[PDB]
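The structure under discussion appears below in the form of structure tokens.
As the structure lists them, so they are numbered: ligands from 1, and atoms in each ligand from 1. Just so we're on the same page: letters track the sequence lines, and every chain starts at 1.
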Amino acid sequence: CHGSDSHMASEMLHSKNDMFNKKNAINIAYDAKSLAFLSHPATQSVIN
Amino acid sequence: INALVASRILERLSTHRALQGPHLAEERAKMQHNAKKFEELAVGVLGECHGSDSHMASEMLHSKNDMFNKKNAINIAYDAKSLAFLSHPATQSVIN
Amino acid sequence: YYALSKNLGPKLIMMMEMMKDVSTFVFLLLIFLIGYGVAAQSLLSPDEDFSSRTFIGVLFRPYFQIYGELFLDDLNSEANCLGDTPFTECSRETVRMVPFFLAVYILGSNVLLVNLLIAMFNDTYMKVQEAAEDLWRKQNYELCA
Amino acid sequence: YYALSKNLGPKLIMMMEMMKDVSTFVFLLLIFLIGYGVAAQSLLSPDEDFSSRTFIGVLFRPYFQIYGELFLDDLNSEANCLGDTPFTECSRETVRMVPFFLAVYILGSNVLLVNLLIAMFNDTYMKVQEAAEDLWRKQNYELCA
Amino acid sequence: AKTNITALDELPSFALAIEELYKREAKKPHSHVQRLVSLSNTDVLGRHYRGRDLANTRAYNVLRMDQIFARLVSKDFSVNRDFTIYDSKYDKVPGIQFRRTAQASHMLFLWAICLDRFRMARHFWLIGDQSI
Amino acid sequence: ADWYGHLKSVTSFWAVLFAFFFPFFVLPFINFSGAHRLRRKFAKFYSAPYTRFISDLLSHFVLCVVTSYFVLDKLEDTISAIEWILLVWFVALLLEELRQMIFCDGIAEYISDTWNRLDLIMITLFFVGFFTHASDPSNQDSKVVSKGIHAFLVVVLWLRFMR
Amino acid sequence: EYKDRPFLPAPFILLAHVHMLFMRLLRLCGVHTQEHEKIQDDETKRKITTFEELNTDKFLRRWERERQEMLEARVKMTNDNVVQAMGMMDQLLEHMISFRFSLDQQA
Amino acid sequence: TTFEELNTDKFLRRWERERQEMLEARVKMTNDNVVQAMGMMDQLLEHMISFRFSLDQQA
Ligand SMILES: CC(C)CCC[C@@H](C)[C@H]1CC[C@H]2[C@@H]3CC=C4C[C@@H](O)CC[C@]4(C)[C@H]3CC[C@]12C
Ligand SMILES: CC(C)CCC[C@@H](C)[C@H]1CC[C@H]2[C@@H]3CC=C4C[C@@H](O)CC[C@]4(C)[C@H]3CC[C@]12C
Ligand SMILES: CC(C)CCC[C@@H](C)[C@H]1CC[C@H]2[C@@H]3CC=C4C[C@@H](O)CC[C@]4(C)[C@H]3CC[C@]12C
Ligand SMILES: CC(C)CCC[C@@H](C)[C@H]1CC[C@H]2[C@@H]3CC=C4C[C@@H](O)CC[C@]4(C)[C@H]3CC[C@]12C
Ligand SMILES: CC(C)CCC[C@@H](C)[C@H]1CC[C@H]2[C@@H]3CC=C4C[C@@H](O)CC[C@]4(C)[C@H]3CC[C@]12C
């Protein structure tokens, strides 16, 4: 995603999903304790 | 000189406003790859020269070429920001 | 003119790289220096009006105590302790906490921060030595030109 | 508020990791400090009743001598040695062992323990630098939230 | 069999099919599913409150399993199910077949994660959406 | 697991130390692996090797504190009570070292260990200092020389604590 | 070291010393006591034996499979297979030359 | 949704091609190919022995 369109990838990470009580992928990733996902440059770019 | 110029044009072209887009990604990648290859060529030929005749290689690096406003290969290399070419022992020997 | 030398020149480039670690050390020490300095100056003179001398007292001795010059004789004179043991038989008991604060402070500054600066330098040096050598080789032509 | 910075924040996490090495250094020095301090205080004053001043004398000068402030003039005054050479022509010959004990002590504390702390920091730093960077990246979201 | 609970009676046919897959795998000797459900200490609808006959005949329903997986993720994870879209009145809505597929796929996906069957899990993960 | 003598809650320094000093107030309310059981658990807890280490540490720590006060405080004109207590303590230590030499491994095996050599040096230093004081207790010079030998004794005692 | 050590701490170890001397005197001269211990049952012994034997076989199977998945072993095994393939071609050529003879004698 | 699905398929294709270009996979695949080559030789030998029988019965 980050290779193809950085802005569209940013838009996907910010999307709120109804199936997990209306919160985004980074919140799920933090709840899943996925250190590898959080340390990725794309995820860090959206957090910044 | 042509390999250095080619490396600079492909490297600068791959990071440009004309090449941004979702569909243009893979070619861009290709450009970077190609850039590296040309850089390798530019180093490689030079290395061969230093193996064969150090003095004649020194004479070739000092030659002024008319097609790029009468200046040598090291000036072109500096203008192309080729760190690999400048750090080579043959190039350093001519600078010293 | 040291930059033209193959020994002094890359080392100069490495020094410019290590300046960020120097800045990191300065930001961490500044915290301990102003905290300990305000606390120690207030503890030594609790009944004095604020002046410019109060501000120098907050930065003068705290900064120079991290280089090993401990002004313990001067601190002993300022604390008005008349005993042979250094901080006994004082007028106020609060000023006897002055060596304890100091005891914490030089543990923070000399044993902890200086040694971490040594660790940061060694790591930074190993990381950017080859890049510094390459950058010196580009600057060799630049100086020749 | 330094934790939000990409330079100061991971270094803060590394400092919290190096605190165990700091604790190791404190446990090893405590041994030499109380041993040398009780021995040196007893050697300087062998005919004095125990008091609170005896306890401060055991911890005051031993702790501050590891930072380079050597109270040799003060030790010379307390030993009652009247010679021009520092520990000659004393009333008791046992007090002439006071600089020798000191000679061993600062060899143990400054040359051995401080340099081992430097070695432990460098090893610890190289081990936990990448984990500290990853943990800072998780804390970046935590601070944003 | 019919149940007095309105939440359980609202469940579609495929939920009962997933319940049959959980029951059939669970009745096998030394199955980790039976231990997970018994050690979970919850009631039939999955709420952490710890008759008995319903609580045992339909002990591997989908709502309780959803609750068990929710506790496994974190302390405030709560997966939202919407089984009202499987009624025949919503068939005219554009793209409904994808949504019905996606939800169904998700439930089967979770079942395949529980039995540690990676290939079928990967297959249901690729069929559905919200991959990451 | 052999350490801790096979028990669940005995894991940190503080837990075993708290249970040691307070036997009747932390042991029943802890995980266990009548006079039939309390006595059995007490025999298992105090038969554990970790508990003997904790007892030896505490014993050596009191020895260090008591000997440190003895060398800092001035000597009296006769042999004091604390001096007699330290005399009994170091004979007991000397008898334990002799018992280990004769009845356990061998003399060669004992001398090989560096801590046994340190044990021998500390007992030797104390007895030289004690007899120096006890030869002439009212002599000021004897008091000064005795404290001089006992300075070395305190240095070895605190250095041995590292074991 | 701390398993065999005397139970009581240093100032009080003298009591432990006199207790050990009393036990040694009562055991050597008096002979009024002995030593008691506990012996594991045969059921738990054969249970430990079965576990150890099963895991020994399991480790040998895993070790053999791991050594067969190395790159060097695979290159060596493929090489031997190519050698066996030529051997089969040599047999094929013998059958071929036999027909050549048979077809020559058939005319 | 379309972007995420397309990139998921793209990553799986790239991942599969990368796993097929490893040295271990290539050595394993060439080894299986040599095994299949012997199998084809075994079939060839069966056809050969069939002619041997046919030529023997032809005289
Ligand atoms: C703050 C944390 C790190 C530890 C706490 C230790 C502090 C509270 C202790 C350590 C040393 C102490 C001081 C030591 C001795 C004296 C002399 C006494 O006549 C008055 C109190 C005074 C002046 C104490 C005040 C409290 C003190 C400063
Ligand atoms: C291994 C290291 C950390 C040893 C620790 C040394 C500490 C416990 C020692 C070193 C210097 C000491 C201080 C020296 C002088 C004084 C003044 C006196 O009037 C009260 C006690 C006080 C304030 C001491 C408190 C304890 C002290 C801070
Ligand atoms: C203990 C190990 C490490 C080495 C032993 C060295 C010790 C025993 C030595 C080294 C220096 C020595 C001292 C040096 C000089 C004098 C002056 C003399 O008029 C009386 C003895 C006295 C005070 C010595 C006592 C013994 C001494 C302390
Ligand atoms: C490389 C290093 C270890 C060199 C060793 C230095 C040693 C041998 C030196 C340094 C300082 C010295 C001491 C300095 C002063 C005195 C007081 C005097 O009345 C007796 C000797 C005595 C006690 C000295 C003994 C020897 C001594 C401890
Ligand atoms: C092995 C190590 C630890 C032990 C060192 C030996 C010590 C206990 C002995 C060896 C030499 C001794 C010194 C020899 C001579 C004198 C001079 C006398 O007027 C006072 C005592 C004094 C200063 C002695 C003090 C104790 C002494 C230092």
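When only modelled atom types and interatomic distance are considered, F/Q100 and F/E96 share a side-chain donor-acceptor pair under 3.5 Å. At a cut-off of 3.5 Å, with distance as the only test, no side-chain donor of D/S91 or D/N80 sits close to an acceptor on the other residue.
The salt bridge (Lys or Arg N to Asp or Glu O under 4.0 Å) contacts involving residues 154-163 of chain F comprise F/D119-F/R160, F/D119-F/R163, F/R163-G/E1, where partners must be two or more places apart or lie in separate chains.
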May I have the N/O to N/O pairs between ligand 4 and the protein that fall below 3.5 Å, each with atom names and distance to one decimal?
from, atom 1, to, atom 2, distance (Å)
ligand 4, 19 (O), D/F87, O, 3.2
ligand 4, 19 (O), D/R96, NE, 2.9
ligand 4, 19 (O), D/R96, NH2, 3.0

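The aromatic rings of G/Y2 and F/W3 sit tilted relative to each other, their planes meeting at an angle between 30° and 60°.
When the side-chain contact (heavy atoms from CB on, under 4.5 Å) test is applied to F/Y69, the partners found at least two apart in sequence or on another chain are D/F50, F/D73, F/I82. Listed by chain and number, the residues in a side-chain contact (heavy atoms from CB on, under 4.5 Å) with F/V155 are D/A39, D/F101, F/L159 (sequence neighbours excluded).
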